[PDB]
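Engineer: The following block contains the structure, expressed as structure tokens.
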Amino acid sequence: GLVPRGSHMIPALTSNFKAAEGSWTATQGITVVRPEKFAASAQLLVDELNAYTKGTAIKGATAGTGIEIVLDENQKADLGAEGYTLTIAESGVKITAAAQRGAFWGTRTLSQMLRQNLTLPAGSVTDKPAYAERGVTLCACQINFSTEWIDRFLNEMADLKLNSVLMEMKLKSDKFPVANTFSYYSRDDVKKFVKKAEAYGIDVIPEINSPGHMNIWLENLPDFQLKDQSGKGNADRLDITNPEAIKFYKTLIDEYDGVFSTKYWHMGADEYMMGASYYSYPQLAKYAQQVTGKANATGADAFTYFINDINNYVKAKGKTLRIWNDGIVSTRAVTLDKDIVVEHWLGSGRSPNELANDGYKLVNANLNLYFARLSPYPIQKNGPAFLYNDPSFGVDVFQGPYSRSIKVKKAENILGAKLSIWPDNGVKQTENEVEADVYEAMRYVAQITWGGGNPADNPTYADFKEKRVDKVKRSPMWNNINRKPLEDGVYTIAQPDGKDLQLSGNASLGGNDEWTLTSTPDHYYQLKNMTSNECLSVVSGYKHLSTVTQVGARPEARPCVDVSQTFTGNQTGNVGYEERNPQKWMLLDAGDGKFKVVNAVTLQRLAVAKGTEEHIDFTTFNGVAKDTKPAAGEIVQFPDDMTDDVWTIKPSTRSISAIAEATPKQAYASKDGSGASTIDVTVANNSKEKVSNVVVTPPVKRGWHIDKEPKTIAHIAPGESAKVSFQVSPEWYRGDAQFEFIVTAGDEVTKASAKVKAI
Ligand code: NI
Ligand code: NI
């Protein structure tokens with residue numbers, strides 16, 4: 001419940017809620033009173049209050065009774081930039097803060113309380129964060145995160161008072177369309193979710209990792225690639241000695257500035273050589289000694305000179321630079337600037353305690369808080385308990401060499417800590433699996449970064465989980481989509497007032513074809529063509545991280561696999577993902593039976609090409625030139641910003657429907673037929689007209705004895721059904737098998753399949 005005061009919320013309050021007389025109850029008669037400059041930030045609470053009270057009349061206004069939000073600069077010394085005071089009295093609720101950020105966090109506390117009980121005990125509490133950056137690294141990199149996923153994620157962060165997200169991503173470039181390999185994000189799309197972040201007080205920081213890890217930017221730009229002594233390039237590394245390559249990077253900085261509002265730029269600066277040696281690129285050492293005037297300048301010096309040049313470039317924009325700590329290397333004739341934020345993750349090189357003592361501001365980008373789809377980390381395998389329950393772990397404990405821990409003593413130079421969300425393999429998990437996978441870690445990190453540690457009343461992680469994690473539901477506004485618009489069944493697929501969709505090997509605009517929708521636990525659909533008996537998939541084309549990213553890539557038919565399981569944490573039993581997840585499709589209700597159809601892992605929309613679409617992928621990729629331009633009417637996948645094609649999905653109209661079922665499910669070779677399997681096929685008249693001369697033709701299959709002759713049903717009446725049986729027995733065939741039966745009635749034709757294991 002709500003008593004003891006504030007014991008079921010995340011983060012826990014950082015001081016005690018002082019009780020007062022009486023209570024206050026949210027009803028449909030209340031108003032959220034706030035100054036107009038706070039309208040967008042209060043909107044979340046307004047929408048939630050209507051959800052909680054099961055009505056729609058509550059509004060945000062500059063006057064009224066109920067919940068008052070007050071922004072008062074006089075409180076800046078007491079509350080800081082993010083603190084607030086929450087006061088509950090019989091007369092109403094009052095949130096006071098010095099700025100918008102703090103007032104918003106106050107509404108999250110209030111919201112979590114009302115999420116559990118509409119009646120609140122009277123009292124007051126002042127709450128302030130222990131650390132200024134309470135963060136997440138989201139690698140929306142190479143593979144894509146749908147805008148709907150990002151929108152939900154900002155709500156997840158906001159309700160937990162997380163306020164910083166580093167987003168490694170590609171923004172579609174206006175000046176370099178040849179480098180616009182998917183994944184990319186539209187400028188309007190980023191502006192949108194950045195606007196939501198601004199309202200929720202979340203600092204969205206972009207990262208273009210450089211001068212290494214640039215495959216996604218340099219694949220099609222060989223002249224900006226660092227070259228071997230043999231002249232062999234590599235899309236991973238930008239030539240930092242080439243003036244047009246530096247211009248190319250700085251141009252991307254400019255393009256991002258128009259959509260991101262943060263004061264920070266993250267250039268990455270992961271170790272340049274990526275494990276190689278500077279001696280294989282002697283033009284770096286020579287470039288260094290030129291810009292410094294020192295004969296003994298090294299390759300690492302050029303690397304650092306690059307960091308400093310980008311530091312000056314972003315500083316001239318009033319921005320502050322950020323780098324990964326493995327970019328802090330040993331130098332000679334060039335010294336690393338001291339006004340750069342260092343995000344520490346690697347237990348190597350200069351210790352974080354000495355970095356802090358030397359004046360650097362640090363983020364604990366802790367390896368213990370890493371997430372990956374490919375190889376789950378221990379926090380995924382085992383949950384956060386091994387950290388929560390370890391009194392020697394905390395935001396101020398950084399990783400050191402040889403598994404040692406290093407406590408940063410100059411605590412004022414610790415900005416905070418964050419968890420990290422890496423793909424590594426884009427098809428092993430879906431994004432909807434990731435949003436579930438990180439659930440516990442988001443709460444744990446939110447708790448230790450806001451509170452500075454564990455709640456005083458939850459000695460163990462089990463207590464924290466039982467009393468808080470399991471009791472605090474997400475905001476009711478978190479979910480933003482109908483996760484299952486259509487129920488499982490048989491449907492048709494076509495264009496609005498156009499041809500239907502068929503698929504045999506390849507897909508095309510056919511006409512008159514049946515499909516079977518099968519929902520999945522992570523809220524996707526398997527699209528099974530009931531004529532080809534194969535499932536719609538996307539597996540052919542240019543790839544990143546084992547995921548098809550080519551624009552205009554051609555969906556194709558693939559063997560239908562099991563789609564009933566989802567995998568998080570340890571991902572025990574996760575096999576077959578290479579076929580499963582490319583087979584999965586998100587279906588977004590477009591109204592009036594129309595549907596946006598988006599692949600679950602390539603995240604491009606099933607589309608009908610026009611012959612007028614332009615993109616680099618239509619001519620070349622990664623130095624190899626090949627034309628893949630789709631022609632008018634061709635079926636392809638397209639990013640959201642190159643197609644509006646939706647698809648009409650409707651339950652089938654066919655007057656006939658056939659179903660084939662095998663009994664037993666297993667068959668064995670037999671000379672007397674005892675090991676046979678009876679495939680009963682049942683035809684059904686759906687509409688109102690007597691169908692006659694219904695012919696059922698059995699399949700023919702290697703190594704199986706099957707009844708050769710078709711069976712016929714003279715007549716079947718509306719709303720009736722007829723049954724015919726065929727017997728199948730394996731000869732030399734063994735293993736999984738499938739039997740397809742063709743049912744014909746006049747001009748109409750349908751199929752029914754069955755499975756038999758040959759043992
Ligand atoms: Ni790397
Ligand atoms: Ni779910």
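Residues in the structure tokens are named by chain (A, B, ... in the order shown) and by number from 1 within that chain; ligands are numbered from 1 in the order shown.
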Taking only C-alpha atoms and all ligand atoms into account, which residues have an atom no farther than 7 Å from ligand 2? I'd like them as an MDAnalysis selection string.

Structural biologist: chainID A and resid 521:523

Engineer: Since we have the selection now, will you write its residues out, keeping N, CA, C and O atoms, as a PDB file, in the first residue's frame?

Structural biologist:
```pdb
ATOM      1  N   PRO A 521       4.579 -14.198 -28.944  1.00  0.00           N
ATOM      2  CA  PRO A 521       4.550 -13.613 -27.591  1.00  0.00           C
ATOM      3  C   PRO A 521       5.183 -12.231 -27.506  1.00  0.00           C
ATOM      4  O   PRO A 521       4.766 -11.428 -26.661  1.00  0.00           O
ATOM      5  N   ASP A 522       6.187 -11.928 -28.335  1.00  0.00           N
ATOM      6  CA  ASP A 522       6.742 -10.585 -28.401  1.00  0.00           C
ATOM      7  C   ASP A 522       5.971  -9.685 -29.370  1.00  0.00           C
ATOM      8  O   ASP A 522       6.504  -8.656 -29.809  1.00  0.00           O
ATOM      9  N   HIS A 523       4.736 -10.066 -29.721  1.00  0.00           N
ATOM     10  CA  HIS A 523       3.758  -9.165 -30.329  1.00  0.00           C
ATOM     11  C   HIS A 523       4.020  -8.924 -31.810  1.00  0.00           C
ATOM     12  O   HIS A 523       3.790  -7.822 -32.315  1.00  0.00           O
TER      13      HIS A 523
END
```

Engineer: Could you make a table, as JSON lines, of the residues of chain A that have an atom within 9 Å of an atom of ligand 1, each with its nearest atom pair and distance in Å to one decimal, counting only C-alpha atoms and all ligand atoms, in chain and number order?

Structural biologist:
```
{"residue": "A:212", "atom": "CA", "partner": "ligand 1", "partner_atom_place_in_ligand_line": "1 (Ni)", "distance": 8.0}
{"residue": "A:213", "atom": "CA", "partner": "ligand 1", "partner_atom_place_in_ligand_line": "1 (Ni)", "distance": 6.4}
{"residue": "A:270", "atom": "CA", "partner": "ligand 1", "partner_atom_place_in_ligand_line": "1 (Ni)", "distance": 6.9}
{"residue": "A:271", "atom": "CA", "partner": "ligand 1", "partner_atom_place_in_ligand_line": "1 (Ni)", "distance": 7.9}
{"residue": "A:274", "atom": "CA", "partner": "ligand 1", "partner_atom_place_in_ligand_line": "1 (Ni)", "distance": 6.1}
{"residue": "A:275", "atom": "CA", "partner": "ligand 1", "partner_atom_place_in_ligand_line": "1 (Ni)", "distance": 8.7}
```

Engineer: Using the selection just defined, write its residues with N, CA and C atoms as a PDB file, in the first residue's frame.

Structural biologist:
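New file part-v5.pdb:
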```
ATOM      1  N   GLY A 212      37.401   5.381 -35.596  1.00  0.00           N
ATOM      2  CA  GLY A 212      37.175   3.980 -35.860  1.00  0.00           C
ATOM      3  C   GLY A 212      35.697   3.629 -35.750  1.00  0.00           C
ATOM      4  N   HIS A 213      35.405   2.358 -36.017  1.00  0.00           N
ATOM      5  CA  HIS A 213      34.038   1.847 -35.978  1.00  0.00           C
ATOM      6  C   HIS A 213      33.124   2.645 -36.905  1.00  0.00           C
ATOM      7  N   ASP A 270      36.759   5.393 -29.492  1.00  0.00           N
ATOM      8  CA  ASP A 270      37.289   4.064 -29.199  1.00  0.00           C
ATOM      9  C   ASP A 270      38.636   3.925 -29.905  1.00  0.00           C
ATOM     10  N   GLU A 271      39.519   3.110 -29.334  1.00  0.00           N
ATOM     11  CA  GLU A 271      40.892   3.027 -29.824  1.00  0.00           C
ATOM     12  C   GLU A 271      40.931   2.927 -31.346  1.00  0.00           C
ATOM     13  N   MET A 274      41.824  -0.318 -33.421  1.00  0.00           N
ATOM     14  CA  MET A 274      40.915  -1.454 -33.232  1.00  0.00           C
ATOM     15  C   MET A 274      41.688  -2.771 -33.128  1.00  0.00           C
ATOM     16  N   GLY A 275      42.858  -2.714 -32.494  1.00  0.00           N
ATOM     17  CA  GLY A 275      43.685  -3.880 -32.288  1.00  0.00           C
ATOM     18  C   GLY A 275      44.843  -4.023 -33.252  1.00  0.00           C
TER      19      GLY A 275
END
```

Engineer: Hey, what's within 9 Å of residue 96 in chain A if we count only C-alpha atoms and toss same-chain stuff fewer than 6 positions away? As a list in words, please?

Structural biologist: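 Here the answer would be residues 68, 69, 70, 71, 72, 75, 83, 84, 85, 86, 87, 102, 103 and 106 of chain A.
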
Engineer: What's around residue 65 in chain A at 12 Å? Count only C-alpha atoms, leave out sequence neighbours fewer than 5 positions away in its own chain, and write the answer as a PyMOL selection string.

Structural biologist: chain A and resi 26-34+58-60+90-94

Engineer: Just to be explicit: take each residue in the selection above, keep N, CA, C and O atoms, and write the result as a PDB file, in the first residue's frame.

Structural biologist:
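Listed below is the output, result_35.pdb:
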```
ATOM      1  N   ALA A  26      -7.493  11.468  -5.618  1.00  0.00           N
ATOM      2  CA  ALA A  26      -7.679  11.866  -7.006  1.00  0.00           C
ATOM      3  C   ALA A  26      -9.050  11.409  -7.483  1.00  0.00           C
ATOM      4  O   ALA A  26      -9.438  10.251  -7.276  1.00  0.00           O
ATOM      5  N   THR A  27      -9.787  12.329  -8.111  1.00  0.00           N
ATOM      6  CA  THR A  27     -11.065  12.026  -8.720  1.00  0.00           C
ATOM      7  C   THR A  27     -11.108  12.688 -10.093  1.00  0.00           C
ATOM      8  O   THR A  27     -10.205  13.444 -10.466  1.00  0.00           O
ATOM      9  N   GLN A  28     -12.206  12.457 -10.824  1.00  0.00           N
ATOM     10  CA  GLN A  28     -12.419  13.124 -12.104  1.00  0.00           C
ATOM     11  C   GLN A  28     -12.802  14.595 -11.957  1.00  0.00           C
ATOM     12  O   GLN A  28     -13.036  15.268 -12.969  1.00  0.00           O
ATOM     13  N   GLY A  29     -12.875  15.108 -10.737  1.00  0.00           N
ATOM     14  CA  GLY A  29     -13.126  16.509 -10.514  1.00  0.00           C
ATOM     15  C   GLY A  29     -11.890  17.374 -10.389  1.00  0.00           C
ATOM     16  O   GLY A  29     -12.014  18.599 -10.297  1.00  0.00           O
ATOM     17  N   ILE A  30     -10.693  16.784 -10.400  1.00  0.00           N
ATOM     18  CA  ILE A  30      -9.485  17.545 -10.121  1.00  0.00           C
ATOM     19  C   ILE A  30      -8.904  18.109 -11.415  1.00  0.00           C
ATOM     20  O   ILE A  30      -9.217  17.679 -12.529  1.00  0.00           O
ATOM     21  N   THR A  31      -7.987  19.069 -11.244  1.00  0.00           N
ATOM     22  CA  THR A  31      -7.220  19.677 -12.326  1.00  0.00           C
ATOM     23  C   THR A  31      -5.735  19.637 -11.972  1.00  0.00           C
ATOM     24  O   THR A  31      -5.358  19.658 -10.794  1.00  0.00           O
ATOM     25  N   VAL A  32      -4.896  19.529 -12.999  1.00  0.00           N
ATOM     26  CA  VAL A  32      -3.454  19.697 -12.835  1.00  0.00           C
ATOM     27  C   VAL A  32      -3.112  21.152 -13.144  1.00  0.00           C
ATOM     28  O   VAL A  32      -3.161  21.580 -14.302  1.00  0.00           O
ATOM     29  N   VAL A  33      -2.829  21.925 -12.103  1.00  0.00           N
ATOM     30  CA  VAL A  33      -2.587  23.355 -12.233  1.00  0.00           C
ATOM     31  C   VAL A  33      -1.091  23.565 -12.410  1.00  0.00           C
ATOM     32  O   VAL A  33      -0.299  23.157 -11.556  1.00  0.00           O
ATOM     33  N   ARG A  34      -0.703  24.203 -13.511  1.00  0.00           N
ATOM     34  CA  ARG A  34       0.704  24.384 -13.838  1.00  0.00           C
ATOM     35  C   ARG A  34       0.851  25.606 -14.724  1.00  0.00           C
ATOM     36  O   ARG A  34      -0.071  25.930 -15.481  1.00  0.00           O
ATOM     37  N   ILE A  58     -10.170  15.329 -16.805  1.00  0.00           N
ATOM     38  CA  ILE A  58      -9.090  16.052 -16.152  1.00  0.00           C
ATOM     39  C   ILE A  58      -8.231  16.740 -17.203  1.00  0.00           C
ATOM     40  O   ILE A  58      -7.842  16.129 -18.210  1.00  0.00           O
ATOM     41  N   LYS A  59      -7.913  18.010 -16.960  1.00  0.00           N
ATOM     42  CA  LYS A  59      -7.089  18.807 -17.857  1.00  0.00           C
ATOM     43  C   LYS A  59      -5.940  19.448 -17.083  1.00  0.00           C
ATOM     44  O   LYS A  59      -5.959  19.532 -15.850  1.00  0.00           O
ATOM     45  N   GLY A  60      -4.934  19.906 -17.822  1.00  0.00           N
ATOM     46  CA  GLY A  60      -3.919  20.803 -17.279  1.00  0.00           C
ATOM     47  C   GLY A  60      -4.300  22.234 -17.591  1.00  0.00           C
ATOM     48  O   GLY A  60      -4.710  22.544 -18.707  1.00  0.00           O
ATOM     49  N   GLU A  90      -5.249  17.793   2.637  1.00  0.00           N
ATOM     50  CA  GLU A  90      -6.657  17.620   2.298  1.00  0.00           C
ATOM     51  C   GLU A  90      -7.062  18.560   1.178  1.00  0.00           C
ATOM     52  O   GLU A  90      -7.864  18.189   0.318  1.00  0.00           O
ATOM     53  N   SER A  91      -6.488  19.766   1.151  1.00  0.00           N
ATOM     54  CA  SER A  91      -6.851  20.758   0.144  1.00  0.00           C
ATOM     55  C   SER A  91      -6.345  20.385  -1.249  1.00  0.00           C
ATOM     56  O   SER A  91      -6.910  20.836  -2.251  1.00  0.00           O
ATOM     57  N   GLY A  92      -5.285  19.596  -1.342  1.00  0.00           N
ATOM     58  CA  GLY A  92      -4.751  19.202  -2.630  1.00  0.00           C
ATOM     59  C   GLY A  92      -3.270  18.911  -2.535  1.00  0.00           C
ATOM     60  O   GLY A  92      -2.712  18.806  -1.446  1.00  0.00           O
ATOM     61  N   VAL A  93      -2.660  18.749  -3.708  1.00  0.00           N
ATOM     62  CA  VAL A  93      -1.253  18.371  -3.841  1.00  0.00           C
ATOM     63  C   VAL A  93      -0.484  19.555  -4.398  1.00  0.00           C
ATOM     64  O   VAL A  93      -1.001  20.298  -5.239  1.00  0.00           O
ATOM     65  N   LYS A  94       0.758  19.719  -3.940  1.00  0.00           N
ATOM     66  CA  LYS A  94       1.624  20.808  -4.369  1.00  0.00           C
ATOM     67  C   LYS A  94       3.000  20.238  -4.665  1.00  0.00           C
ATOM     68  O   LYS A  94       3.626  19.635  -3.787  1.00  0.00           O
TER      69      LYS A  94
END
```

Engineer: If we count only C-alpha atoms, what is near range 307-324 of chain A at a cut-off of 6 Å, once residues fewer than 2 positions away on the same chain are taken out, given as a short mmCIF file (atom, residue, chain, number, x, y, z; two decimals) with N, CA, C and O atoms, in the first residue's frame?

Structural biologist:
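The result, written out as result_19.cif:
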```
data_model
loop_
_atom_site.label_atom_id
_atom_site.label_comp_id
_atom_site.auth_asym_id
_atom_site.auth_seq_id
_atom_site.Cartn_x
_atom_site.Cartn_y
_atom_site.Cartn_z
N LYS A 263 23.63 19.86 -25.41
CA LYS A 263 24.89 20.60 -25.45
C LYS A 263 26.10 19.69 -25.64
O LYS A 263 27.23 20.19 -25.70
N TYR A 264 25.90 18.38 -25.72
CA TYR A 264 27.00 17.43 -25.79
C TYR A 264 27.12 16.83 -27.18
O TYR A 264 26.11 16.64 -27.88
N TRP A 265 28.35 16.53 -27.58
CA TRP A 265 28.62 15.67 -28.73
C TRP A 265 29.56 14.55 -28.29
O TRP A 265 30.55 14.81 -27.61
N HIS A 266 29.23 13.31 -28.68
CA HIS A 266 30.04 12.13 -28.38
C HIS A 266 30.68 11.64 -29.68
O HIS A 266 29.99 11.11 -30.56
N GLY A 268 32.87 9.23 -29.75
CA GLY A 268 33.33 7.88 -29.52
C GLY A 268 34.79 7.84 -29.11
O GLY A 268 35.13 7.77 -27.92
N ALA A 269 35.67 7.87 -30.11
CA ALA A 269 37.11 7.79 -29.88
C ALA A 269 37.48 6.47 -29.19
O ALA A 269 38.42 6.43 -28.38
N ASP A 270 36.76 5.39 -29.49
CA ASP A 270 37.29 4.06 -29.20
C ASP A 270 38.64 3.93 -29.91
O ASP A 270 38.88 4.56 -30.94
N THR A 304 45.15 11.58 -31.14
CA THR A 304 44.78 12.57 -30.13
C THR A 304 44.59 13.95 -30.76
O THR A 304 43.67 14.68 -30.40
N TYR A 305 45.45 14.32 -31.71
CA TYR A 305 45.25 15.58 -32.42
C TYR A 305 43.85 15.64 -33.02
O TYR A 305 43.20 16.69 -33.01
N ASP A 326 38.88 4.36 -23.49
CA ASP A 326 39.92 3.67 -24.27
C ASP A 326 40.46 4.53 -25.40
O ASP A 326 41.38 4.10 -26.11
N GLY A 327 39.92 5.74 -25.58
CA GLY A 327 40.51 6.73 -26.46
C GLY A 327 41.60 7.57 -25.82
O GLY A 327 42.19 8.43 -26.48
N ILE A 340 37.17 17.49 -21.58
CA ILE A 340 36.38 16.48 -22.27
C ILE A 340 35.80 15.54 -21.22
O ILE A 340 36.50 15.15 -20.28
N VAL A 341 34.53 15.18 -21.38
CA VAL A 341 33.90 14.19 -20.51
C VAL A 341 34.37 12.80 -20.92
O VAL A 341 34.39 12.46 -22.10
N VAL A 342 34.74 11.99 -19.93
CA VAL A 342 35.27 10.65 -20.15
C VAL A 342 34.23 9.66 -19.65
O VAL A 342 33.89 9.65 -18.47
N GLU A 343 33.73 8.82 -20.56
CA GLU A 343 32.78 7.76 -20.22
C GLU A 343 33.58 6.47 -20.08
O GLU A 343 34.11 5.95 -21.07
#
```

Engineer: Please, which residues of range 226-410 of chain A, numbered as in this document, come out helix (DSSP H, G or I) from DSSP, as a PyMOL selection string?

Structural biologist: chain A and resi 243-257+278-280+282-292+299-315+325-327+352-357+367-369+378-382+385-388+401-403

Engineer: Which residues are close to residue 214 in chain A, i.e. within 8 Å by only C-alpha atoms, leaving aside same-chain residues fewer than 2 positions away? Reply as a ChimeraX atom specification.

Structural biologist: /A:209-212,216-218,235-238

Engineer: Would you export the selected residues with C-alpha atoms as a PDB file, in the first residue's frame, please?

Structural biologist:
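As a result, result12.pdb now contains:
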```
ATOM      1  CA  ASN A 209      31.863   6.806 -33.186  1.00  0.00           C
ATOM      2  CA  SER A 210      35.095   7.968 -34.818  1.00  0.00           C
ATOM      3  CA  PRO A 211      37.717   7.740 -36.184  1.00  0.00           C
ATOM      4  CA  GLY A 212      37.175   3.980 -35.860  1.00  0.00           C
ATOM      5  CA  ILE A 216      28.368   2.318 -41.386  1.00  0.00           C
ATOM      6  CA  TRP A 217      29.569   5.685 -42.723  1.00  0.00           C
ATOM      7  CA  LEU A 218      32.544   4.799 -44.947  1.00  0.00           C
ATOM      8  CA  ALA A 235      35.541   1.142 -44.011  1.00  0.00           C
ATOM      9  CA  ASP A 236      36.165   0.843 -40.261  1.00  0.00           C
ATOM     10  CA  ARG A 237      38.700   3.680 -40.095  1.00  0.00           C
ATOM     11  CA  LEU A 238      38.447   7.244 -41.374  1.00  0.00           C
TER      12      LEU A 238
END
```

Engineer: Identify all residues of range 69-265 of chain A in strand (DSSP E) (DSSP on the backbone) and supply them as a count of residues only.

Structural biologist: 48

Engineer: For residue 759 in chain A, find every residue with an atom within 12 Å (counting only C-alpha atoms), except residues of its own chain fewer than 5 positions away, and show them as a VMD selection string.

Structural biologist: chain A and resid 664 to 670 675 to 677 729 to 737

Engineer: With N, CA and C atoms retained, export the selected residues as a PDB file, in the first residue's frame.

Structural biologist:
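The resulting file, again.pdb, is reproduced below:
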```pdb
ATOM      1  N   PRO A 664      -2.268 -41.076 -36.609  1.00  0.00           N
ATOM      2  CA  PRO A 664      -1.436 -40.397 -35.602  1.00  0.00           C
ATOM      3  C   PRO A 664      -0.585 -39.269 -36.179  1.00  0.00           C
ATOM      4  N   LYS A 665       0.094 -38.504 -35.320  1.00  0.00           N
ATOM      5  CA  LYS A 665       1.052 -37.508 -35.786  1.00  0.00           C
ATOM      6  C   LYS A 665       2.343 -38.143 -36.294  1.00  0.00           C
ATOM      7  N   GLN A 666       2.569 -39.423 -36.010  1.00  0.00           N
ATOM      8  CA  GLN A 666       3.774 -40.128 -36.415  1.00  0.00           C
ATOM      9  C   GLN A 666       3.388 -41.361 -37.222  1.00  0.00           C
ATOM     10  N   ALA A 667       4.222 -41.690 -38.207  1.00  0.00           N
ATOM     11  CA  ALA A 667       4.005 -42.833 -39.081  1.00  0.00           C
ATOM     12  C   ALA A 667       5.302 -43.613 -39.232  1.00  0.00           C
ATOM     13  N   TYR A 668       5.173 -44.926 -39.413  1.00  0.00           N
ATOM     14  CA  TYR A 668       6.318 -45.810 -39.593  1.00  0.00           C
ATOM     15  C   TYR A 668       6.054 -46.744 -40.764  1.00  0.00           C
ATOM     16  N   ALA A 669       7.139 -47.173 -41.408  1.00  0.00           N
ATOM     17  CA  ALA A 669       7.025 -48.054 -42.560  1.00  0.00           C
ATOM     18  C   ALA A 669       6.340 -49.352 -42.157  1.00  0.00           C
ATOM     19  N   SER A 670       5.390 -49.793 -42.974  1.00  0.00           N
ATOM     20  CA  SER A 670       4.635 -51.001 -42.677  1.00  0.00           C
ATOM     21  C   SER A 670       4.200 -51.652 -43.981  1.00  0.00           C
ATOM     22  N   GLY A 675       1.383 -48.925 -39.718  1.00  0.00           N
ATOM     23  CA  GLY A 675       2.077 -47.678 -39.498  1.00  0.00           C
ATOM     24  C   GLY A 675       1.577 -46.517 -40.317  1.00  0.00           C
ATOM     25  N   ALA A 676       0.436 -46.674 -40.986  1.00  0.00           N
ATOM     26  CA  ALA A 676      -0.121 -45.602 -41.792  1.00  0.00           C
ATOM     27  C   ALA A 676      -0.622 -44.471 -40.896  1.00  0.00           C
ATOM     28  N   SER A 677      -0.911 -43.337 -41.527  1.00  0.00           N
ATOM     29  CA  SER A 677      -1.489 -42.183 -40.854  1.00  0.00           C
ATOM     30  C   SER A 677      -2.682 -41.721 -41.674  1.00  0.00           C
ATOM     31  N   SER A 729       1.614 -43.931 -45.901  1.00  0.00           N
ATOM     32  CA  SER A 729       2.532 -44.818 -45.190  1.00  0.00           C
ATOM     33  C   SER A 729       3.932 -44.592 -45.752  1.00  0.00           C
ATOM     34  N   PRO A 730       4.931 -44.371 -44.903  1.00  0.00           N
ATOM     35  CA  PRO A 730       6.288 -44.164 -45.421  1.00  0.00           C
ATOM     36  C   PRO A 730       6.902 -45.468 -45.903  1.00  0.00           C
ATOM     37  N   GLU A 731       7.769 -45.352 -46.909  1.00  0.00           N
ATOM     38  CA  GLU A 731       8.511 -46.491 -47.412  1.00  0.00           C
ATOM     39  C   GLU A 731       9.939 -46.331 -46.918  1.00  0.00           C
ATOM     40  N   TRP A 732      10.839 -45.717 -47.692  1.00  0.00           N
ATOM     41  CA  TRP A 732      12.207 -45.493 -47.228  1.00  0.00           C
ATOM     42  C   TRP A 732      12.409 -44.113 -46.616  1.00  0.00           C
ATOM     43  N   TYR A 733      11.422 -43.222 -46.725  1.00  0.00           N
ATOM     44  CA  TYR A 733      11.569 -41.894 -46.149  1.00  0.00           C
ATOM     45  C   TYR A 733      11.478 -41.954 -44.630  1.00  0.00           C
ATOM     46  N   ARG A 734      12.294 -41.134 -43.962  1.00  0.00           N
ATOM     47  CA  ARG A 734      12.257 -40.980 -42.512  1.00  0.00           C
ATOM     48  C   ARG A 734      12.458 -39.508 -42.178  1.00  0.00           C
ATOM     49  N   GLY A 735      11.820 -39.062 -41.100  1.00  0.00           N
ATOM     50  CA  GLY A 735      11.952 -37.696 -40.631  1.00  0.00           C
ATOM     51  C   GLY A 735      10.677 -36.887 -40.821  1.00  0.00           C
ATOM     52  N   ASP A 736      10.820 -35.575 -40.619  1.00  0.00           N
ATOM     53  CA  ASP A 736       9.686 -34.661 -40.715  1.00  0.00           C
ATOM     54  C   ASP A 736       9.159 -34.608 -42.146  1.00  0.00           C
ATOM     55  N   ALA A 737       7.833 -34.632 -42.286  1.00  0.00           N
ATOM     56  CA  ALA A 737       7.198 -34.608 -43.596  1.00  0.00           C
ATOM     57  C   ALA A 737       5.949 -33.737 -43.538  1.00  0.00           C
TER      58      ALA A 737
END
```

Engineer: Would you write out, as CSV, a table of all residues in range 639-694 of chain A that have an atom no more than 6 Å from an atom of range 702-723 of chain A, listing for each the closest atom pair and the distance in Å to one decimal, considering only C-alpha atoms and ordering rows by chain and rising residue number?

Structural biologist:
```
residue,atom,partner,partner_atom,distance
A:681,CA,A:723,CA,5.9
A:682,CA,A:723,CA,4.4
A:683,CA,A:722,CA,5.3
A:684,CA,A:721,CA,4.3
A:685,CA,A:718,CA,5.1
A:686,CA,A:719,CA,5.5
A:687,CA,A:718,CA,5.7
A:688,CA,A:718,CA,4.9
A:689,CA,A:718,CA,5.8
A:690,CA,A:717,CA,4.6
A:691,CA,A:716,CA,5.4
A:692,CA,A:715,CA,4.1
A:693,CA,A:714,CA,4.9
A:694,CA,A:713,CA,5.1
```

Engineer: From the set A:277, A:574, A:351, A:520, which residue has the shortest atom-to-atom contact distance to residue 401 in chain A, counting only C-alpha atoms?

Structural biologist: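 Comparing A:277, A:574, A:351, A:520 against residue 401 in chain A, the winner is A:351.
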
Engineer: For residue 447 in chain A, which residue among A:20, A:130, A:118, A:636 is the nearest when counting only C-alpha atoms?

Structural biologist: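 With only C-alpha atoms as the atom set, the closest residue is A:130.
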
Engineer: Just to confirm, what's the straight-line distance from CA of residue 755 in chain A to CA of residue 649 in chain A in Å (one decimal)?

Structural biologist: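 One can read the CA of residue 755 in chain A to CA of residue 649 in chain A distance as 26.9 Å.
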
Engineer: Could you tell me how far CA of residue 6 in chain A sits from CA of residue 50 in chain A, in Å to one decimal place?

Structural biologist: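 Separation of CA of residue 50 in chain A and CA of residue 6 in chain A: 22.2 Å.
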
Engineer: Using only C-alpha atoms, pick whichever of A:133, A:740, A:431, A:207 has the shortest atom-to-atom distance to residue 599 in chain A.

Structural biologist: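 Ranking A:133, A:740, A:431, A:207 by distance to residue 599 in chain A, first place goes to A:431.
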